[PDB]
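Asker: My file is start.json. It has JSON, C-alpha atoms:
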[["chain", "number", "residue", "atom", "x", "y", "z"],
["A", 1, "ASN", "CA", 0.00, 0.00, 0.00],
["A", 2, "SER", "CA", 1.29, 3.45, -0.90],
["A", 3, "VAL", "CA", 1.78, 5.99, 1.87],
["A", 4, "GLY", "CA", -0.88, 8.13, 0.21],
["A", 5, "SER", "CA", -3.43, 5.31, 0.40],
["A", 6, "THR", "CA", -2.80, 4.52, 4.08],
["A", 7, "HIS", "CA", -3.18, 8.24, 4.87],
["A", 8, "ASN", "CA", -6.41, 8.65, 2.85],
["A", 9, "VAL", "CA", -4.84, 11.23, 0.54],
["A", 10, "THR", "CA", -7.36, 13.32, -1.40],
["A", 11, "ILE", "CA", -6.68, 15.56, -4.40],
["A", 12, "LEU", "CA", -9.27, 18.29, -4.97],
["A", 13, "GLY", "CA", -9.38, 21.01, -7.60],
["A", 14, "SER", "CA", -6.54, 21.62, -10.05],
["A", 15, "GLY", "CA", -3.76, 24.11, -10.66],
["A", 16, "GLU", "CA", -0.06, 24.67, -11.16],
["A", 17, "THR", "CA", 0.53, 25.22, -7.43],
["A", 18, "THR", "CA", -0.28, 22.62, -4.79],
["A", 19, "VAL", "CA", -1.78, 23.71, -1.46],
["A", 20, "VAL", "CA", -1.30, 21.00, 1.18],
["A", 21, "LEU", "CA", -3.83, 21.08, 4.03],
["A", 22, "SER", "CA", -2.62, 19.16, 7.09],
["A", 23, "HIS", "CA", -4.94, 18.84, 10.09],
["A", 24, "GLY", "CA", -3.77, 18.75, 13.70],
["A", 25, "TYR", "CA", -4.37, 16.58, 16.74],
["A", 26, "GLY", "CA", -7.89, 15.37, 17.40],
["A", 27, "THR", "CA", -9.21, 16.06, 13.89],
["A", 28, "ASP", "CA", -8.88, 14.59, 10.39],
["A", 29, "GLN", "CA", -8.80, 16.09, 6.90],
["A", 30, "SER", "CA", -12.53, 16.89, 7.22],
["A", 31, "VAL", "CA", -11.48, 19.84, 9.42],
["A", 32, "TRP", "CA", -10.79, 21.69, 6.16],
["A", 33, "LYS", "CA", -14.27, 21.16, 4.64],
["A", 34, "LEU", "CA", -15.20, 24.85, 4.78],
["A", 35, "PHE", "CA", -11.81, 25.97, 3.38],
["A", 36, "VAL", "CA", -11.62, 23.67, 0.36],
["A", 37, "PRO", "CA", -14.34, 25.38, -1.78],
["A", 38, "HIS", "CA", -12.29, 28.62, -1.67],
["A", 39, "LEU", "CA", -9.17, 26.86, -3.01],
["A", 40, "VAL", "CA", -10.20, 24.35, -5.70],
["A", 41, "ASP", "CA", -10.67, 26.89, -8.52],
["A", 42, "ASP", "CA", -7.07, 28.10, -8.33],
["A", 43, "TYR", "CA", -5.01, 25.34, -6.70],
["A", 44, "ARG", "CA", -4.42, 21.60, -6.61],
["A", 45, "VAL", "CA", -5.45, 20.84, -3.02],
["A", 46, "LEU", "CA", -3.78, 17.86, -1.36],
["A", 47, "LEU", "CA", -5.25, 16.69, 1.95],
["A", 48, "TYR", "CA", -4.35, 13.68, 4.04],
["A", 49, "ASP", "CA", -4.87, 12.21, 7.51],
["A", 50, "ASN", "CA", -2.03, 12.04, 10.01],
["A", 51, "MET", "CA", -1.32, 8.46, 11.02],
["A", 52, "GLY", "CA", -3.31, 7.77, 14.17],
["A", 53, "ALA", "CA", -6.36, 9.77, 13.16],
["A", 54, "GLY", "CA", -9.51, 7.72, 13.70],
["A", 55, "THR", "CA", -9.96, 7.41, 9.91],
["A", 56, "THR", "CA", -6.62, 5.55, 9.65],
["A", 57, "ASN", "CA", -5.98, 1.85, 10.24],
["A", 58, "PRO", "CA", -4.33, 1.04, 13.62],
["A", 59, "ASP", "CA", -2.26, -1.60, 11.79],
["A", 60, "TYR", "CA", -0.17, 1.27, 10.41],
["A", 61, "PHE", "CA", 0.26, 3.09, 13.74],
["A", 62, "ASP", "CA", 3.80, 2.26, 14.87],
["A", 63, "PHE", "CA", 3.91, 3.47, 18.48],
["A", 64, "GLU", "CA", 7.69, 3.99, 18.40],
["A", 65, "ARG", "CA", 7.69, 5.82, 15.05],
["A", 66, "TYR", "CA", 4.95, 8.25, 16.10],
["A", 67, "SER", "CA", 6.33, 8.92, 19.59],
["A", 68, "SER", "CA", 8.63, 11.45, 17.92],
["A", 69, "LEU", "CA", 7.60, 14.26, 15.58],
["A", 70, "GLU", "CA", 9.97, 13.07, 12.85],
["A", 71, "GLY", "CA", 7.65, 10.12, 12.15],
["A", 72, "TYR", "CA", 5.09, 12.67, 10.98],
["A", 73, "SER", "CA", 7.70, 14.70, 9.09],
["A", 74, "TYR", "CA", 8.84, 11.57, 7.25],
["A", 75, "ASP", "CA", 5.28, 10.63, 6.31],
["A", 76, "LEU", "CA", 4.71, 14.13, 4.95],
["A", 77, "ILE", "CA", 7.85, 13.92, 2.82],
["A", 78, "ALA", "CA", 6.85, 10.49, 1.51],
["A", 79, "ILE", "CA", 3.34, 11.64, 0.55],
["A", 80, "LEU", "CA", 4.55, 14.80, -1.19],
["A", 81, "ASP", "CA", 7.11, 12.76, -3.16],
["A", 82, "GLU", "CA", 4.42, 10.24, -4.18],
["A", 83, "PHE", "CA", 2.50, 13.19, -5.65],
["A", 84, "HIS", "CA", 5.61, 14.66, -7.33],
["A", 85, "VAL", "CA", 5.20, 17.87, -5.32],
["A", 86, "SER", "CA", 7.70, 20.71, -5.62],
["A", 87, "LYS", "CA", 7.55, 23.98, -3.65],
["A", 88, "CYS", "CA", 4.04, 23.56, -2.26],
["A", 89, "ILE", "CA", 2.12, 26.03, -0.13],
["A", 90, "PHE", "CA", 1.68, 24.14, 3.13],
["A", 91, "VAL", "CA", -1.07, 24.91, 5.68],
["A", 92, "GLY", "CA", -0.92, 23.10, 9.01],
["A", 93, "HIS", "CA", -2.34, 23.30, 12.50],
["A", 94, "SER", "CA", -0.05, 23.34, 15.54],
["A", 95, "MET", "CA", 2.16, 20.29, 15.64],
["A", 96, "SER", "CA", 1.39, 19.41, 11.99],
["A", 97, "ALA", "CA", 2.83, 22.83, 11.15],
["A", 98, "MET", "CA", 5.88, 22.00, 13.25],
["A", 99, "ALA", "CA", 6.19, 18.62, 11.49],
["A", 100, "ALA", "CA", 6.39, 20.51, 8.20],
["A", 101, "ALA", "CA", 8.98, 22.89, 9.65],
["A", 102, "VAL", "CA", 11.14, 19.87, 10.51],
["A", 103, "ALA", "CA", 10.45, 18.31, 7.11],
["A", 104, "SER", "CA", 11.57, 21.53, 5.44],
["A", 105, "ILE", "CA", 15.01, 21.26, 7.06],
["A", 106, "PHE", "CA", 15.48, 17.87, 5.39],
["A", 107, "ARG", "CA", 13.66, 18.72, 2.15],
["A", 108, "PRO", "CA", 13.36, 22.46, 1.49],
["A", 109, "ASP", "CA", 12.65, 21.66, -2.17],
["A", 110, "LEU", "CA", 9.18, 20.55, -1.12],
["A", 111, "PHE", "CA", 8.04, 23.85, 0.42],
["A", 112, "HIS", "CA", 7.60, 27.36, -0.94],
["A", 113, "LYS", "CA", 6.17, 28.56, 2.39],
["A", 114, "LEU", "CA", 4.60, 27.22, 5.58],
["A", 115, "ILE", "CA", 1.36, 28.67, 6.92],
["A", 116, "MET", "CA", 1.22, 27.67, 10.57],
["A", 117, "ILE", "CA", -2.03, 27.97, 12.53],
["A", 118, "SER", "CA", -1.46, 28.26, 16.30],
["A", 119, "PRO", "CA", 2.08, 26.77, 16.37],
["A", 120, "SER", "CA", 4.43, 26.30, 19.30],
["A", 121, "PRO", "CA", 8.00, 24.94, 19.42],
["A", 122, "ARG", "CA", 7.44, 23.70, 23.00],
["A", 123, "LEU", "CA", 4.18, 23.55, 24.96],
["A", 124, "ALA", "CA", 5.85, 22.72, 28.29],
["A", 125, "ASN", "CA", 7.52, 25.30, 30.48],
["A", 126, "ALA", "CA", 11.30, 25.10, 30.84],
["A", 127, "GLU", "CA", 13.98, 27.08, 32.64],
["A", 128, "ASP", "CA", 13.57, 30.71, 31.49],
["A", 129, "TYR", "CA", 10.78, 29.66, 29.08],
["A", 130, "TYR", "CA", 7.00, 29.94, 29.48],
["A", 131, "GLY", "CA", 5.39, 27.47, 27.07],
["A", 132, "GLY", "CA", 2.00, 27.39, 28.76],
["A", 133, "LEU", "CA", 1.98, 24.24, 30.92],
["A", 134, "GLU", "CA", 4.06, 22.84, 33.75],
["A", 135, "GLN", "CA", 5.34, 19.31, 33.30],
["A", 136, "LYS", "CA", 3.26, 18.23, 36.30],
["A", 137, "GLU", "CA", 0.08, 19.51, 34.70],
["A", 138, "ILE", "CA", 1.01, 17.65, 31.50],
["A", 139, "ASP", "CA", 1.43, 14.50, 33.63],
["A", 140, "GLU", "CA", -2.04, 15.02, 35.14],
["A", 141, "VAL", "CA", -3.61, 15.62, 31.70],
["A", 142, "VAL", "CA", -2.01, 12.55, 30.15],
["A", 143, "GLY", "CA", -2.98, 10.53, 33.22],
["A", 144, "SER", "CA", -6.55, 11.80, 32.99],
["A", 145, "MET", "CA", -6.80, 10.91, 29.29],
["A", 146, "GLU", "CA", -5.68, 7.40, 30.25],
["A", 147, "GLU", "CA", -8.34, 7.27, 32.98],
["A", 148, "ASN", "CA", -11.36, 8.61, 31.05],
["A", 149, "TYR", "CA", -10.40, 9.58, 27.53],
["A", 150, "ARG", "CA", -13.83, 10.74, 26.37],
["A", 151, "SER", "CA", -14.67, 12.63, 29.58],
["A", 152, "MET", "CA", -11.42, 14.57, 29.23],
["A", 153, "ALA", "CA", -11.94, 15.23, 25.52],
["A", 154, "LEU", "CA", -15.39, 16.72, 26.14],
["A", 155, "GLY", "CA", -14.29, 18.66, 29.23],
["A", 156, "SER", "CA", -11.40, 20.25, 27.29],
["A", 157, "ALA", "CA", -13.10, 20.95, 23.97],
["A", 158, "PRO", "CA", -14.90, 24.23, 24.90],
["A", 159, "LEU", "CA", -11.75, 25.65, 26.52],
["A", 160, "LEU", "CA", -9.48, 24.65, 23.62],
["A", 161, "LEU", "CA", -11.92, 26.01, 21.04],
["A", 162, "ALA", "CA", -13.10, 29.04, 23.04],
["A", 163, "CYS", "CA", -16.63, 27.93, 22.09],
["A", 164, "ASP", "CA", -19.75, 26.98, 23.97],
["A", 165, "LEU", "CA", -20.48, 23.32, 24.67],
["A", 166, "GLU", "CA", -23.53, 23.22, 22.37],
["A", 167, "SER", "CA", -21.68, 24.74, 19.38],
["A", 168, "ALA", "CA", -21.12, 23.11, 16.00],
["A", 169, "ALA", "CA", -17.38, 23.51, 16.59],
["A", 170, "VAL", "CA", -17.40, 21.48, 19.83],
["A", 171, "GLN", "CA", -19.64, 18.84, 18.25],
["A", 172, "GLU", "CA", -17.34, 18.46, 15.24],
["A", 173, "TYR", "CA", -14.16, 18.37, 17.33],
["A", 174, "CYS", "CA", -15.54, 15.77, 19.74],
["A", 175, "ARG", "CA", -16.67, 13.60, 16.84],
["A", 176, "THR", "CA", -13.12, 13.23, 15.56],
["A", 177, "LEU", "CA", -11.47, 13.15, 18.99],
["A", 178, "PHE", "CA", -13.79, 10.32, 20.08],
["A", 179, "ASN", "CA", -13.06, 8.51, 16.77],
["A", 180, "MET", "CA", -9.43, 7.92, 17.82],
["A", 181, "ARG", "CA", -8.41, 4.82, 19.68],
["A", 182, "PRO", "CA", -7.55, 6.00, 23.22],
["A", 183, "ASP", "CA", -4.11, 4.37, 23.36],
["A", 184, "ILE", "CA", -3.10, 5.84, 20.00],
["A", 185, "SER", "CA", -4.50, 9.23, 21.00],
["A", 186, "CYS", "CA", -2.54, 9.19, 24.26],
["A", 187, "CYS", "CA", 0.64, 8.22, 22.40],
["A", 188, "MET", "CA", 0.16, 11.22, 20.09],
["A", 189, "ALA", "CA", -0.64, 13.55, 23.00],
["A", 190, "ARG", "CA", 2.48, 12.45, 24.89],
["A", 191, "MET", "CA", 4.57, 13.14, 21.78],
["A", 192, "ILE", "CA", 2.97, 16.57, 21.35],
["A", 193, "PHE", "CA", 3.44, 17.61, 24.98],
["A", 194, "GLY", "CA", 7.05, 16.34, 24.99],
["A", 195, "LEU", "CA", 8.22, 18.04, 21.80],
["A", 196, "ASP", "CA", 10.95, 20.69, 22.04],
["A", 197, "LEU", "CA", 11.94, 22.21, 18.70],
["A", 198, "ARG", "CA", 13.64, 25.29, 20.19],
["A", 199, "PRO", "CA", 17.19, 24.15, 19.22],
["A", 200, "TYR", "CA", 16.17, 23.55, 15.59],
["A", 201, "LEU", "CA", 14.28, 26.75, 14.70],
["A", 202, "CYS", "CA", 17.49, 28.36, 13.43],
["A", 203, "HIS", "CA", 17.76, 25.61, 10.78],
["A", 204, "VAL", "CA", 14.31, 26.36, 9.33],
["A", 205, "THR", "CA", 14.78, 28.72, 6.39],
["A", 206, "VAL", "CA", 11.56, 28.39, 4.37],
["A", 207, "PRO", "CA", 9.28, 31.41, 4.92],
["A", 208, "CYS", "CA", 6.85, 30.88, 7.78],
["A", 209, "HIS", "CA", 3.51, 32.66, 8.18],
["A", 210, "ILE", "CA", 2.40, 32.32, 11.81],
["A", 211, "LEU", "CA", -1.35, 32.74, 12.39],
["A", 212, "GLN", "CA", -2.17, 33.21, 16.06],
["A", 213, "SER", "CA", -5.49, 33.58, 17.83],
["A", 214, "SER", "CA", -6.07, 36.52, 20.18],
["A", 215, "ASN", "CA", -6.29, 34.18, 23.20],
["A", 216, "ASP", "CA", -4.96, 30.61, 22.93],
["A", 217, "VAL", "CA", -4.72, 28.63, 26.18],
["A", 218, "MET", "CA", -2.01, 26.44, 24.62],
["A", 219, "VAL", "CA", 0.01, 29.21, 22.91],
["A", 220, "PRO", "CA", 0.82, 32.38, 24.86],
["A", 221, "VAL", "CA", 1.51, 35.27, 22.50],
["A", 222, "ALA", "CA", 5.14, 35.49, 23.69],
["A", 223, "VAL", "CA", 5.62, 31.96, 22.31],
["A", 224, "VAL", "CA", 4.80, 32.95, 18.74],
["A", 225, "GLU", "CA", 7.02, 36.03, 19.16],
["A", 226, "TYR", "CA", 9.81, 33.70, 20.30],
["A", 227, "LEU", "CA", 9.13, 31.36, 17.37],
["A", 228, "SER", "CA", 9.32, 34.17, 14.82],
["A", 229, "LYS", "CA", 12.47, 35.62, 16.40],
["A", 230, "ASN", "CA", 14.28, 32.27, 16.31],
["A", 231, "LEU", "CA", 13.27, 30.92, 12.89],
["A", 232, "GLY", "CA", 16.21, 31.03, 10.49],
["A", 233, "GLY", "CA", 14.33, 32.42, 7.49],
["A", 234, "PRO", "CA", 11.64, 35.03, 6.80],
["A", 235, "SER", "CA", 8.64, 34.98, 9.10],
["A", 236, "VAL", "CA", 5.54, 37.02, 9.93],
["A", 237, "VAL", "CA", 3.08, 36.81, 12.82],
["A", 238, "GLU", "CA", -0.58, 37.79, 12.40],
["A", 239, "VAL", "CA", -2.83, 37.82, 15.46],
["A", 240, "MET", "CA", -6.41, 37.18, 14.36],
["A", 241, "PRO", "CA", -9.54, 38.57, 16.07],
["A", 242, "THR", "CA", -10.80, 35.23, 17.36],
["A", 243, "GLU", "CA", -9.94, 33.06, 20.36],
["A", 244, "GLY", "CA", -8.93, 29.46, 21.01],
["A", 245, "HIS", "CA", -6.39, 26.95, 19.79],
["A", 246, "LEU", "CA", -8.22, 25.75, 16.64],
["A", 247, "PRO", "CA", -9.38, 28.99, 15.00],
["A", 248, "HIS", "CA", -9.71, 27.32, 11.59],
["A", 249, "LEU", "CA", -12.32, 25.01, 13.15],
["A", 250, "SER", "CA", -14.09, 27.41, 15.53],
["A", 251, "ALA", "CA", -14.05, 30.61, 13.44],
["A", 252, "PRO", "CA", -13.80, 29.91, 9.69],
["A", 253, "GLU", "CA", -15.40, 33.30, 8.99],
["A", 254, "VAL", "CA", -12.28, 34.96, 10.45],
["A", 255, "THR", "CA", -9.63, 32.39, 9.62],
["A", 256, "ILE", "CA", -10.46, 31.58, 5.97],
["A", 257, "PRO", "CA", -9.80, 35.14, 4.68],
["A", 258, "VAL", "CA", -6.55, 35.31, 6.67],
["A", 259, "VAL", "CA", -5.35, 31.93, 5.38],
["A", 260, "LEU", "CA", -6.29, 32.85, 1.79],
["A", 261, "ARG", "CA", -4.31, 36.10, 2.05],
["A", 262, "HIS", "CA", -1.23, 34.25, 3.29],
["A", 263, "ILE", "CA", -1.60, 31.63, 0.54],
["A", 264, "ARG", "CA", -1.90, 34.32, -2.12],
["A", 265, "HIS", "CA", 0.85, 36.69, -0.94],
["A", 266, "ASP", "CA", 4.47, 36.00, -0.11],
["A", 267, "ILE", "CA", 6.36, 37.92, 2.55]]
Let me see the structure of the file written as structure tokens.

Answerer:
Amino acid sequence: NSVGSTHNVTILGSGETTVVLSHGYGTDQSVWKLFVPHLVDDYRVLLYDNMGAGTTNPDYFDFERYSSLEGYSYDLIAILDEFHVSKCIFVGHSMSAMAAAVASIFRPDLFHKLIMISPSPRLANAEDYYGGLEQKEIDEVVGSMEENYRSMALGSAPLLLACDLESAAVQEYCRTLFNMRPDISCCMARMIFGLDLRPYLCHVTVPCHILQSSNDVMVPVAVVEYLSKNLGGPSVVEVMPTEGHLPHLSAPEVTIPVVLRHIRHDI
């Protein structure tokens, strides 16, 4: 089976330039359903599911491979090569944006620019670094998701999204979160909370467009300022007038025009 097939790769639209849409944790490629209609007329849109999404087969989830971000970077490279991609416009959420940043160190030929929605190089606090969460809180969260996965997913969704419980956004996010096998989901969460890309930002040279919500519980604004300062190539930060950690999901009316502008215009 090709890597594209096992990741449910979808090609929509048509064009000389490829826009790659890469969902983040707890979602699948359906997270982009309201964005796609705005892209298909002008671009070849490539979407795929990260290994471990509920739409993927657990037989392909190698717990060791996906306990480090490079497993996701390598899958991205393999999929883009299977589709003969050169210099794509990549759009990712959070750690899928960081997986592309890592991939671009290995394979800058694949990326014209990275559009990164709510990214962080390190979610955990460290000495002289405020990432957002103490290691002990991360331990509690990961322990809670082992205890009652679905209870924790529902309890966290409104806070992560900055949306009310009864909203379409919370309903959609819980649908995909609950679709993941709990052990796979915990493995991915542990990887995400343990990632520290701070030493490697200076090696990223592709242009990076950082799209930040106005209030993200997972990403303090100083973290995106730190990310932009330390990236090795061109970068820009745009703070959008909507809250939460998944603004593409919760507020497409704000986030779609911003994403389109960053797709259409280089730094």

Asker: Please produce, as a Markdown table, a per-residue contact table for range 110-224 of chain A versus range 48-59 of chain A (criterion: any atom at most 8 Å away, all atoms listed in the file considered), showing the nearest atom pair and its distance in Å to one decimal, sorted by chain then residue number.

Answerer:
| residue | atom | partner | partner_atom | distance |
| --- | --- | --- | --- | --- |
| A:176 | CA | A:54 | CA | 6.8 |
| A:177 | CA | A:54 | CA | 7.8 |
| A:179 | CA | A:54 | CA | 4.8 |
| A:180 | CA | A:54 | CA | 4.1 |
| A:181 | CA | A:54 | CA | 6.7 |
| A:184 | CA | A:52 | CA | 6.1 |
| A:185 | CA | A:52 | CA | 7.1 |
| A:188 | CA | A:52 | CA | 7.7 |

Asker: Do you have the CA of residue 160 in chain A-CA of residue 99 in chain A distance handy?

Answerer: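 CA of residue 99 in chain A lies 20.7 Å from CA of residue 160 in chain A.
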
Asker: Under the rule that only C-alpha atoms are counted, which of A:19, A:100, A:224, A:206 is the nearest residue to residue 118 in chain A?

Answerer: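 Using only C-alpha atoms, residue 118 in chain A sits closest to A:224.
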
Asker: Check the smallest atom-to-atom distance from each of A:73, A:96, A:86, A:135 to residue 16 in chain A using all atoms listed in the file, then report the winner.

Answerer: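 Under the stated criterion, the closest residue is A:86.
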
Asker: Nearest to residue 190 in chain A: which of A:89, A:145, A:34, A:263 is it, counting all atoms listed in the file?

Answerer: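 For residue 190 in chain A, the nearest of the given residues is A:145.
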
Asker: Pick out the residues sitting within 7 Å of range 238-243 of chain A, and hand them over as JSON, numbers by chain; count only C-alpha atoms, and ignore anything fewer than 5 positions along from it in its own chain.

Answerer: {"A": [162, 210, 211, 212, 213, 214, 215, 216, 251]}

Asker: Sort by chain and increasing residue number a table of all residues of range 41-157 of chain A within 12 Å of range 20-28 of chain A, each with its closest pair of atoms and their distance in Å to one decimal, counting all atoms listed in the file, and write it as a tab-separated table.

Answerer:
residue	atom	partner	partner_atom	distance
A:43	CA	A:20	CA	9.7
A:44	CA	A:20	CA	8.4
A:45	CA	A:20	CA	5.9
A:46	CA	A:20	CA	4.7
A:47	CA	A:21	CA	5.1
A:48	CA	A:22	CA	6.5
A:49	CA	A:28	CA	5.5
A:50	CA	A:28	CA	7.3
A:51	CA	A:28	CA	9.8
A:52	CA	A:25	CA	9.2
A:53	CA	A:28	CA	6.1
A:54	CA	A:28	CA	7.7
A:55	CA	A:28	CA	7.3
A:56	CA	A:28	CA	9.3
A:72	CA	A:22	CA	10.8
A:73	CA	A:22	CA	11.4
A:75	CA	A:22	CA	11.7
A:76	CA	A:22	CA	9.1
A:77	CA	A:20	CA	11.7
A:79	CA	A:20	CA	10.5
A:80	CA	A:20	CA	8.8
A:83	CA	A:20	CA	11.0
A:85	CA	A:20	CA	9.7
A:86	CA	A:20	CA	11.3
A:87	CA	A:20	CA	10.5
A:88	CA	A:20	CA	6.8
A:89	CA	A:20	CA	6.2
A:90	CA	A:20	CA	4.7
A:91	CA	A:21	CA	5.0
A:92	CA	A:22	CA	4.7
A:93	CA	A:24	CA	4.9
A:94	CA	A:24	CA	6.2
A:95	CA	A:24	CA	6.4
A:96	CA	A:24	CA	5.5
A:97	CA	A:22	CA	7.7
A:98	CA	A:24	CA	10.2
A:99	CA	A:22	CA	9.9
A:100	CA	A:22	CA	9.2
A:110	CA	A:20	CA	10.7
A:111	CA	A:20	CA	9.8
A:112	CA	A:20	CA	11.1
A:113	CA	A:20	CA	10.7
A:114	CA	A:20	CA	9.6
A:115	CA	A:21	CA	9.6
A:116	CA	A:22	CA	10.0
A:117	CA	A:24	CA	9.5
A:118	CA	A:24	CA	10.1
A:119	CA	A:24	CA	10.3
A:149	CA	A:26	CA	11.9
A:150	CA	A:26	CA	11.7
A:153	CA	A:26	CA	9.1
A:154	CA	A:26	CA	11.6
A:156	CA	A:26	CA	11.6
A:157	CA	A:26	CA	10.1

Asker: Measuring atom to atom with all atoms listed in the file, identify which of A:189, A:102, A:201, A:174 is nearest to residue 143 in chain A.

Answerer: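 With all atoms listed in the file as the atom set, the closest residue is A:189.
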
Asker: Looking at all atoms listed in the file, which of A:222, A:12, A:82, A:64 is the one that sits closest to residue 33 in chain A?

Answerer: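 Among A:222, A:12, A:82, A:64, it is A:12 that comes nearest to residue 33 in chain A.
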
Asker: At what distance in Å, to one decimal, does CA of residue 60 in chain A lie from CA of residue 6 in chain A?

Answerer: 7.6 Å

Asker: Could you pull the residues within 8 Å of residue 170 in chain A, counting all atoms listed in the file, minus those fewer than 6 positions along the same chain, as a count of residues only?

Answerer: 5

Asker: For a quick check of understanding, using all atoms listed in the file, which of A:217, A:187, A:258, A:202 has the smallest distance to residue 244 in chain A?

Answerer: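 Counting all atoms listed in the file, the residue closest to residue 244 in chain A is A:217.
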
Asker: For CA of residue 226 in chain A and CA of residue 101 in chain A, determine how far apart the two atoms are, in Å to one decimal place.

Answerer: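 CA of residue 101 in chain A lies at a distance of 15.2 Å from CA of residue 226 in chain A.
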
Asker: Just need the box for range 172-185 of chain A, edges along x, y and z, holding every atom the file lists for it with 4 Å tacked onto each side, so centre and edge lengths in Å to one decimal, as lines of an AutoDock Vina configuration file.

Answerer:
center_x = -10.2
center_y = 11.4
center_z = 19.3
size_x = 22.2
size_y = 22.1
size_z = 16.1
